[PDB]
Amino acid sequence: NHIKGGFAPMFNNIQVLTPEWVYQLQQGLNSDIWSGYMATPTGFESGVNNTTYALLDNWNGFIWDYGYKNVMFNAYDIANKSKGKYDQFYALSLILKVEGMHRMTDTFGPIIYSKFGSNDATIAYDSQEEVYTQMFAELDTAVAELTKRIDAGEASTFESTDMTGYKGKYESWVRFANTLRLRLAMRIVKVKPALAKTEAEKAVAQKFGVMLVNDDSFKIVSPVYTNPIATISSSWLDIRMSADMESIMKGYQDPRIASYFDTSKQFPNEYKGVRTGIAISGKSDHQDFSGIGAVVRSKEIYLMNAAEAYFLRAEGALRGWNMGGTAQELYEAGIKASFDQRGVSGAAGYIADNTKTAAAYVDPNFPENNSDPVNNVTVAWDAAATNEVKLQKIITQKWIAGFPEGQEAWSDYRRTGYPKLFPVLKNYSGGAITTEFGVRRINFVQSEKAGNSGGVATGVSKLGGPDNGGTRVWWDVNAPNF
């Protein structure tokens, strides 16, 4: 009973479910926009903000503070109480820890990890390379422990505490952990392709393997909280469909558009997105473009869909790895999984179409925001296509399937450059962040500079360059995809 209470704040703060204004700062005004998923019609701080590459420390500190207070602390506390005593809870805490904390390192680079809880005046940061090794080892520990208990036929003691689709089922938690390993493996393929291959193949070959059906998906099922985006969109009109989403989903005439977005008030019965990184004269100019749709009007918040497992395996197969299918088979299975998850028909026709491509983008009353399409690729698999075009197809479909979870899409975009996104028109970074490559990370936070200046200095050392949004984290090496 003293252990079980630590899980709720972990579940409730991977994405901060309440209050909504905290989610808006934790993710809504960073990766949800940089990923190309969503855009704001509001000219916050005179239009000089995260969306125009002037990173705002007053906004971005919330990411660190809520994650450490609610995810990391409880991982630490649960481990202290359970490791070597109630190892099933320790194992489950490790899986949740990695789910929450990989997002943290993917945002900042170096982070506090091994030294968390230290009483030293300096709480040192680990390098991102070190954190990734630790996370893979933590998943090793968790998977071995739970698999042992499953093999023994041990009844779960986690159902009453679980807040996911899994209802305490250890096998489902292991399958999630395997899929999370596969995500982390693919993340590092440019910097450590040998480790990427090892960890990816381990994930797929583990007894219970990775996600195969939609019931395998990782989601938070809250008894009381709606996805915060519902309020930020429908109530506040502070976030809308993006121009990238309009270009790509209208181009493909994608039936998932109906659940992802609402038709526009300003343009009745039409799906209209807002361009990011623009000049904004008044909020009313874009607030009546398309809102975020029914997928966020729910107490269930998806954090990793089964579709992603297929697209990860498809990329692994493209790279020649032992993924259990061909790149084409896995690509097409991923698309079908997503169509099924969204409850829409026509997957077969969509999959076979080798004509439809991204559409031109028009901002009707502000043509300065217009663009020719940039993600110029069809859905249909072409065996004769280059590896880059094959990867572009896979990541495009992965990006569509993963909406509205902007953090993973931002990480995948940084790594692969896909899908192609419209560049910002206004860049107020003073040269620190490029228009072509956009935001590569967020700089170390105010609470840390205030209370842990010695730690921040270790973080800067392990970052290897200026502490701004243009400096690449360890896995985001300036290197080609193959």
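Residue positions are given as counts along the sequence shown, with the first one as 1.
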Query raised in the report: Which has higher Cα B-factors on average according to the PDB entry: 53-61 or 412-420?
Result: 53-61
Requested in this report: Please work out which of 33-41 and 426-434 has the higher mean CA B-factor as recorded in the PDB entry.
Outcome: 426-434
Query raised in the report: At the C-alpha atoms, which of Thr105, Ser233, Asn178, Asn227 reaches the highest B-factor in this entry?
Result: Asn227
Query raised in the report: Which listed residue, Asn354, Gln128, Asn322, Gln397, has the largest C-alpha temperature factor in the record?
Result: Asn354
Query raised in the report: Ranked by Cα temperature factor within the chain, is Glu201 in the lowest third, the middle third or the highest third?
Result: lowest
Report task. Among all modelled residues of this chain, ranked by Cα B factor, put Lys69 in the bottom, middle or top third, i.e. lowest, middle or highest. Result -> highest
Query raised in the report: Lowest, middle or highest third of the chain for the C-alpha temperature factor of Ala137?
Result: middle
Report summary line: So, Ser46's CA B-factor, relative to its chain, sits in which third? The highest
Query raised in the report: Going by what the PDB entry lists, where does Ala385 fall on CA B-factor within its chain: lowest, middle or highest third?
Result: highest
